[PDB]
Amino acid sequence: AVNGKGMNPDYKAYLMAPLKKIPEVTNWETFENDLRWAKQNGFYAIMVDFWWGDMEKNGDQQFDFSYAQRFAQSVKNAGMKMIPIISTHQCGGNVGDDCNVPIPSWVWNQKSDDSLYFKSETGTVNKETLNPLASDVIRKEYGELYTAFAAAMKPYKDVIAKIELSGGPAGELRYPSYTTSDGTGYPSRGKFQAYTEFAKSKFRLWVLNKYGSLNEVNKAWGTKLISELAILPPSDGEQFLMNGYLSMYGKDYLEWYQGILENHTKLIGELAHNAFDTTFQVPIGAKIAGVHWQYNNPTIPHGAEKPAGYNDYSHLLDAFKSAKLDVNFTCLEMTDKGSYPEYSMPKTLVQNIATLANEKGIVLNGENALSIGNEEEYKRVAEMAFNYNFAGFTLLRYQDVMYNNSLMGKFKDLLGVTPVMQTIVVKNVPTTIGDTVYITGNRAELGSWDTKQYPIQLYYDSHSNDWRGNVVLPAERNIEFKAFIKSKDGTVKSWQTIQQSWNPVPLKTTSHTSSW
């Protein structure tokens, strides 16, 4: 893996449940059998949406966790684990959505202003999820929902492996900047979503709080604003994305804009921890979308990410570390293109997020953005997952492998692996002062024969005079590998004479000794 390390010893594969409730797909008996089958193919747990629209449909404090409870019961009967996603967003309307579960209708009556929803550059209103600006309403509702959920699911604490929170549209921490109705669907530029009166008002106050008075504002922005009312979000999102973002106004606007999501992250992280830490004691995470289009567009750089709220990923991730939330990213199955007209760079994006997350020490999880119908995509996921220290991978979605045996088989081999620590020993290596020995092999967990970025470093043993090291490997899979020497300058000097192999890697920890 990167930095001479191996794969993450805690890696686990999860299966995304269907969008429709199980009873709308099959019966519980078959479901339990499907779970037992998934478990046999390497899946540790099933991740599932529990919609707010279902749990608190009738009215405030009128909860119904019966479906959730019945679901967990079958997961228990099947000896599986589950990861509930407390989906406080709407189901249906997004790409590939085969459902219709809007959030409780009554929640909208809690305000007379336009503080609860979103409004785009061109006036399009969106109600897929509560506007994170309404932190007072969010604190109350999420707070009550989370605590009610914890109590209702207490009997199933043993089958809950982790809990995922919904931070916005499609359960992702972002603004609803790419939608059909707003004319911003992939792969077009996104539209800023801060045009409600309430949003304008908050930005205005934030600016004034930062500089004190209009005069200081004008001084900092180098503008000639006539009055406080002239402080507004961009009038033209396209011109703003073309070069306005470069000005001091631009930087302030984007800071505030992304800042709303960061504060939201801290808020739900606090509520979640207060509600679950004692009862469940399981990790809590949230999702970051993979807005890969318009990434390298020369005219409107990062023209899709910025409107979505993603301007500075480093700063964004700090909010996660701060809230004590693990991160779940996507687009692990895609490769870079970067050509007109999509200017898509998903892999570069993933590499960047992973690196940042690793540096900050944030537990990293991932998913595939679109359905995978070919083995090649599994390899892409494997390459990313096993070389950038991912702790978990969730496959979307259930039916794709559950009803396709050959596909399910390719996943078991490539992704449904169980990491096991093994000792690799290499004798008689003709190393000279300055050299270091690494191993690289055929599987992604071994760098896929890469000597540049992913080789796994070994350590010299001055007592037995050989090179060794404890490496994490995929249990019960066949591997081939060879050690090689790297110069002080990083040049590959030579390779082990004969290619080694382990068919397969044993399930118990032991050692593989070979000679140069």
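All residue numbers refer to positions in the sequence shown, first residue = 1.
When the C-alpha B-factors of 164-172 and 196-204 are averaged, 196-204 comes out higher. Taking the PDB entry as given, 60-68 carries the higher mean Cα B factor of the two stretches 60-68 and 27-35. Across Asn131, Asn328, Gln110, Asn126, the greatest Cα temperature factor reported in the deposited entry is at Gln110.
Within the listed group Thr440, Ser177, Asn263, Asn100, the record reports its top CA B-factor for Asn100. Among the modelled residues of the chain, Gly490 sits in the highest third by CA temperature factor in this PDB entry. Ranked against the other modelled residues of its chain, the C-alpha B-factor of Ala17 as given in the entry falls in the lowest third. In the PDB entry, a CA B factor belonging to the middle third of its chain's modelled residues is recorded for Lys140. Sorting the modelled residues of the chain by their CA temperature factor places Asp400 in the middle third. Placement of the Cα temperature factor of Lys379 within the chain: highest third of the modelled residues, per the deposited record.
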